[PDB]
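A quick write-up on the structure given underneath.
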Amino acid sequence: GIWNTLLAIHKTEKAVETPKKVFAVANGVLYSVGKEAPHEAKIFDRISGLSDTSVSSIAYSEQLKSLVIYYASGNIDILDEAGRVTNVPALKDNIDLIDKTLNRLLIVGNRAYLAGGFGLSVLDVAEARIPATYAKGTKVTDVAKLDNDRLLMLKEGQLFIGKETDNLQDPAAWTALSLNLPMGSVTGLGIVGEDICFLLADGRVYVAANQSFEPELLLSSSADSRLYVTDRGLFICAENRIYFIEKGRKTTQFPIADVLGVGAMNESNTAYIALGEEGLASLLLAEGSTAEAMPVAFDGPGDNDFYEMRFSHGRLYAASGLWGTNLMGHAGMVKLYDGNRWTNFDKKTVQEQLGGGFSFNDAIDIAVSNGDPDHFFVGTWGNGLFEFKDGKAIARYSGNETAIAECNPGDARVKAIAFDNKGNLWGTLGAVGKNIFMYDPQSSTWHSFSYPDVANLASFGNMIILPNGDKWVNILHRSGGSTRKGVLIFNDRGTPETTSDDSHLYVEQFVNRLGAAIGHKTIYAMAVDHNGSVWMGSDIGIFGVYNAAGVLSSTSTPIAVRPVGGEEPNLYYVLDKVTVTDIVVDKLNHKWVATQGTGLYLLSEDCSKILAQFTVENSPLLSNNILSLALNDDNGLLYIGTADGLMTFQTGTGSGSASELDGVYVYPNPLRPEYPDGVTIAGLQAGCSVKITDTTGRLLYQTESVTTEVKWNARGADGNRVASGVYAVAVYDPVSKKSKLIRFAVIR
Ligand SMILES: C[As](C)(=O)[O-]
Ligand SMILES: [Ca+2]
Ligand SMILES: [Ca+2]
Ligand SMILES: [Ca+2]
Ligand SMILES: [Ca+2]
Ligand SMILES: [Cl-]
Ligand SMILES: [Zn+2]
Ligand SMILES: [Zn+2]
Ligand SMILES: [Zn+2]
Ligand SMILES: [Zn+2]
Ligand SMILES: [Zn+2]
Ligand SMILES: [Zn+2]
Ligand SMILES: [Zn+2]
Ligand SMILES: [Zn+2]
């Protein structure tokens, strides 16, 4: 399939027991795990039939053999036994309901009670509809169902009782309960047999017979303990131990630390635990039992953070770490994808491999060597330069003896790192004098310099090194209140030890043909196309400098061309005021443009015409806010680093030699009068000639392949559908000199 998601499991924050499966949530990703049988588990995304992206909680209806999926966006999905999804978007669509936070997802029979920042919602699981919302727009701390259709609600430190047979959408229908306990301190409540338990913020746990509600202290857990409600019992998870409360107030203690969720069915003797950063584990509910670990065979990225990505030597290189003026503390993470499996270098791994006092945080740029895929460098914003070699971190460069200059004692912020054609590492440093540096990995020699016009600026962006040796670096920040963010082009002229022979041009602001400013505030992305043009993206859109190699030699300020699109009477600049985060260039010299808030665009050679655009609305794209791009020129897979994780789109730009056109097909075949939209040519390769002819041979439609698909309205010039018969699709790729003749029928 054309779209795919490369999502992370990692921190299991929730767990639910199913008669034959164990559903669990890790960072918003829902997934299944087999019980008695050795796994046969499953990962569930929007591609699997789900209606939304980040899972906020789950619960199972033993009676309806269905799972309720509640999303961070307020959306609801019902996963039936057959694996059929039913959407319940009433909460998400309610604009007035501004807080979607969920506190309790209680499933009683064939009803689900959702208590959150929106109120208390009654979900009809069998019929996917919400017949009522009590306390609408008020945070409801918890919910509990009792005998004789009675419902218990904890809101604003008050406990209310109400009969479901009355109009509980009316405040007068509920009765406020005065109980001997500090109700304002109650963080959770749940029913266990003939009792109701109340957990207090200070750790205490109160128990009360459901027929009297007279509270007495059951146990004294540690402060800020968590309560997990289950049909089998209640779990009081304190720091270092759990309290399992069951019928008749039997309490069992277990030394299980950092527990985020528990799953157990009414008649189960084993509970499934969510240990977060560890994952899943099963526990036999008996005094002398240990939580036996659950296996996670799923391999994915370390996290879903793709701040910066690069594609080299048939591998993806990604940096998760965050950038800002002082937006630090994000755990360091380097992710490498083989095309099948992941390799993750996290904060702890790197610190152990190198040893000592440094923090390995905010990894923000990658630089891969030419010829050695396992030899790459990583720039951390605050912790220095890192050398990776043969699957381990072999060195950390920061401070004295190194050219990695520190802006503060122990603070070296490294961004815009790249390698030259000669195998040297060029890079820039933030908030220091000798800004620009070079490292010879072979001779292990260092050289740093700067140009007064660019020296001591807060932060640079990314570096592109043109074939003639020119180095382009974008300016992300000078200082607090400075608009002097441009681009610096420079050539060291083979001697990184001197500036005396260098050529450089600092272009604070670019101009058009008429000598006016473009108007860009910041340059976020830069790309060299096949026509020797440096296409750059900014806060006000995209624009390219033609013959970029001659800028240092030219006798004028470089001219930037803002692409012009649309028909002759109605023209415009291709995406004005749209913040462009990344640019990648096709085998066809077409441009893949990532934007902050308006999805993904595919533009023509000169960026004049939009060839395609993908958003959350029109495509399986996870988020309209894309942070990075990377393209596998060999199999045509474009990696899309969205704010909500990694995705891949088959561009059809692949260098797949044999059987490349063996996959072309038309659907629907035959084309019946009840199918109005027309036909779709699929399994193509971008850049292909596609022509439709009658059995005679006269062409009726002709195009080039944009993506993997081409569409035909299947009608004549008169707008009425084309006559019955056998039509033919001739596909020719100019590159391989091979053709594909496929036929489809139009029937009465
Ligand atoms: C591993 As190679 C020498 O083909 O870049
Ligand atoms: Ca050398
Ligand atoms: Ca020089
Ligand atoms: Ca989102
Ligand atoms: Ca080809
Ligand atoms: Cl029903
Ligand atoms: Zn119903
Ligand atoms: Zn993160
Ligand atoms: Zn990048
Ligand atoms: Zn290689
Ligand atoms: Zn190597
Ligand atoms: Zn040297
Ligand atoms: Zn200068
Ligand atoms: Zn084109």
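Pairs 587/737; 20/92; 392/471; 577/609: which exceed 28 Å Cα-Cα?
Working: 587/737 17 Å; 20/92 31 Å; 392/471 30 Å; 577/609 17 Å.
Distance filter (> 28 Å) returns 20/92; 392/471.
Quick one: if you take sqrt(5λ) for each eigenvalue of the C-alpha gyration tensor of the chain, what semi-axes come out, biggest first, whole angstrom? Intermediate values should be presented prior to the final figure.
Numbers: eigenvalues 545, 279, 114 Å².
Its equivalent ellipsoid spans semi-axes of 52, 37, 24 Å.
Using only C-alpha positions, report the orientation-averaged shadow area of the convex hull of the range 665-746, nm², one decimal. Display every interim value, and only then the final one.
Numbers: hull surface 20.5 nm².
That works out to 5.1 nm², a quarter of the Cα hull's surface.
Karplus couplings for the range 355-370 from phi (6.51 cos²θ - 1.76 cosθ + 1.60, θ = phi - 60°), rounded to Hz, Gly and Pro as x?
Taking θ as phi minus 60°, the curve returns x, x, x, 6, 10, 6, 10, 6, 6, 10, 8, 10, 9, 9, 6, 7 Hz for the range 355-370.
Quick one: which residues, 5 or more positions from residue 334 or on another chain, have an amide H under 5 Å from its amide H? H modelled 1.01 Å from N in the peptide plane, none for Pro or chain starts.
345, 346
List 292, 568, 17 from most exposed to least, where exposure is judged by having the fewest other Cβ atoms within 10 Å.
So the residues, fewest neighbours to most, are 568, 292, 17.
I'd like the Karplus ³J(HN,Hα) series for the range 619-634: coefficients 6.51, -1.76, 1.60, θ = phi - 60°, whole numbers in Hz, and an x wherever there's a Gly or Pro.
These are the phi-based 3J(HN,Hα) values: 9, x, 3, 4, 8, 6, 9, 9, 8, 8, 9, 6, 10, 8, 4, 7 Hz.
List the residues, sorted by chain then number, that are 5 or more residues from residue 104 or on another chain and whose placed amide H is less than 5 Å from its amide H.
Counting only residues 5 or more places away or on other chains, the set is 115.
Among 225-238, 573-586, 512-525, how do they line up from the highest to the lowest mean number of other beta-carbon atoms within 10 Å?
On the way: 225-238: 22.5, 573-586: 20.1, 512-525: 15.0.
Descending mean neighbour count gives 225-238, 573-586, 512-525.
Find how many whole Å separate the alpha carbon centroid of the range 535-553 from the alpha carbon centroid of the range 40-110.
Taking the Cα centre of each part, the range 40-110 and the range 535-553 sit 47 Å apart.
Going by amide H atoms built from the backbone, whose H comes under 5 Å of the H on residue 541, apart from near neighbours?
Result for residue 541 returns 577, 578, 580.
Just add up the charged neighbours of residue 670: K/R +1, D/E -1, any other residue whose Cβ is under 14 Å from the Cβ of residue 670. Walk me through the numbers on the way to the answer.
Numbers: positive: 672, 721, 743, 748; negative: 674.
Charge balance in the 14 Å sphere: +3.
Quick note: the coordinates plus some simple rules give every number you see, no bench work behind them. When we count neighbours, we look across all protein chains shown, and the Cβ atoms used for this are built from the backbone with ideal geometry, even at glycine.
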